[PDB]
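Same chain, two versions here, written out as structure tokens and called structure 1 and structure 2.
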Structure 1
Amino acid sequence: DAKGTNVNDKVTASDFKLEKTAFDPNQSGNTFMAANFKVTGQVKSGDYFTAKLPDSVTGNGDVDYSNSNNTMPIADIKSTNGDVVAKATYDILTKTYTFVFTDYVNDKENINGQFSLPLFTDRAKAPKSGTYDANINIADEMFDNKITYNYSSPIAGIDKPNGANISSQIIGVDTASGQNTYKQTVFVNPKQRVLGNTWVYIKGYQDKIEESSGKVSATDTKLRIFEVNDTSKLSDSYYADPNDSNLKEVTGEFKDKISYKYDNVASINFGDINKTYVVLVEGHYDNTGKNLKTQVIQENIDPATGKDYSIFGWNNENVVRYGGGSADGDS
């Protein structure tokens, strides 16, 4: 039963198709890979074959498995009767899918089947809009593709020269481990305007507390705040590396400026600013099973006049996609 011999040399994949080759990961866009596969000869329980993803795509997308040993279960490959033909997992770090045959295969031959698995952007490795190679290995054979990411720009806000402007994206949600963490990137003033008396609010909900599982609080939330040297260098994908020299962490300058006084919201007092800041949120959600929905808000004035107030909000929520597959062999 345990993972045994690699039988890529016995498995041929075919009729490979992506569901689509262009989408917008900032509006829940994703694709699927679909392929047929067939086994030449016989395999035995524990034999396995693999598929390997390149830098531009991931199998997990905005779902985070770092608290589950970087491993995600995948849907079982099942026969018509419903019997499990292969169990499958995916390694987040090595981007490798492994399909391990069960004892169903022991008395069979010329097993063949098919799968459809959801594929997502890699926000870190594909940080800008554009076209990327997405050459995918299945069973030691390459299937070449191009994928185009047209990210909805994170640079959004009120249409005045001193207008409030802010955006965010939840780029990691831990659904597996039980810890219920989430990771959110917030871009404050991505327009890089000159703003007076700036306040930012990070909420664990949108309009209705009871309709989100998010919990923002001093004990559930940690914030890191970075001043951005060059705004042009920020991702379109909302990925932001805390170690990138373009970001200067200034968290220690905000110890008197962050308040969890109000319900399910953190407020941050930015004051008079003229740069973009990144806020990396490490949060948690509760066990109500409600959707995780959030909103960030920024308000400010015109610093030269003291007036021309404005306020802008930005909602986040994520969606889940599923895979499926089947296989049968002759006796």
Structure 2
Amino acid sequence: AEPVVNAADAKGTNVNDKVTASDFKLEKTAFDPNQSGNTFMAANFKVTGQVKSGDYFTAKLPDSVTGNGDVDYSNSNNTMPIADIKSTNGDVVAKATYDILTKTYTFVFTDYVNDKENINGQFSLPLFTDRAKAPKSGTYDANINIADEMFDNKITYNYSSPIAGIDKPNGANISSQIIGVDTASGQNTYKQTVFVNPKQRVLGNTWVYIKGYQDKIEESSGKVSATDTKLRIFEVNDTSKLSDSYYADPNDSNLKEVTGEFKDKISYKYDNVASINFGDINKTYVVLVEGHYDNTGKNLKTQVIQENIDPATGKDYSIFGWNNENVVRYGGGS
């Protein structure tokens, strides 16, 4: 019924003891995740002695990073296929997979390895922030491990500040980030975080539009509707505790869900756009969007917008918009 386990894979025997990594290098130590910024890690590796088909070795990510970034594999067993290690002749030497939960790569050997000895090679992998564990702009410990060898590192995330808007006390202010996109399962879903009035200004007759396209509706795979979209809305207690990474957890104590108070305040009157009547609001809110994209293949392009006037004077009308873009593209399914 219950047995002890040490890993998340099926195969022969782990051979970290036979694999030594070397010349470990990050393409860079600083980038803006909020601008589709990322890095790659790359290393040489060698097998001392012999291994066989089904033996494997591993690499582990720290809290600061993910192997998958904004690509979601919930609908694929939280498992993200990786490109294979191939030989000059073209033959696959190892099959690669990344467990999202465990932030662990696994490389399994193919029958290639049987009749050979003292394999050497190198590989690179993309690396992205962990929006959840690296929520704020700053410098994190990024010590990566390979074949049981720790390669100490440090990454700096300069997240474009999600606190953006019209520079005036009455100013319209808003922003968003799509931090989650399922491109494998075929369900075509995404997660977008929207920060409303992150200046925590007092704004009247405030309207917010979440568009599933930007300029030209034809140019986006975005599908915003009653049927395609689910919205959750939270008042923010202390806007100071909002993440630069747009990661927001519904169960956060800093959030107070209010989506209920919005029952008849959300409209889909317009094609591919969700209109939200906030009205007079004097604080910051988070909208968690769970959305869908179409099979067109077009980039998922989005745009969030907020407008308002002075609640006391009804003058000083202000409008502010924020754009979002992601690649949903995939190859062949059947």
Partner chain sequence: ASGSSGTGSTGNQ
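Please note that residue numbering is based on structure 1, beginning with 1 at the start of its sequence. Residues that one form lacks are left out of the comparison. By rigid core we mean the largest C-alpha set that fits within 1.5 Å across both forms.
- Structure 2, not structure 1, is the form solved without the partner chain.
- After superposition on the rigid core, the C-alpha displacement between structure 1 and structure 2 reaches 2 Å or more for just one residue among 315, 21, 12, 318, namely 318.
- In the rigid-core superposition between structure 1 and structure 2, residue position residue 104 carries a C-alpha shift of 0.7 Å.
- When the core is overlaid, the C-alpha of residue 304 ends up 1.8 Å from its other position between structure 1 and structure 2.
- Shifted region between structure 1 and structure 2 (core-superposed; runs of 3+ residues, all CA displacements of 2 Å or more, residues common to both forms): 318 to 326 only.
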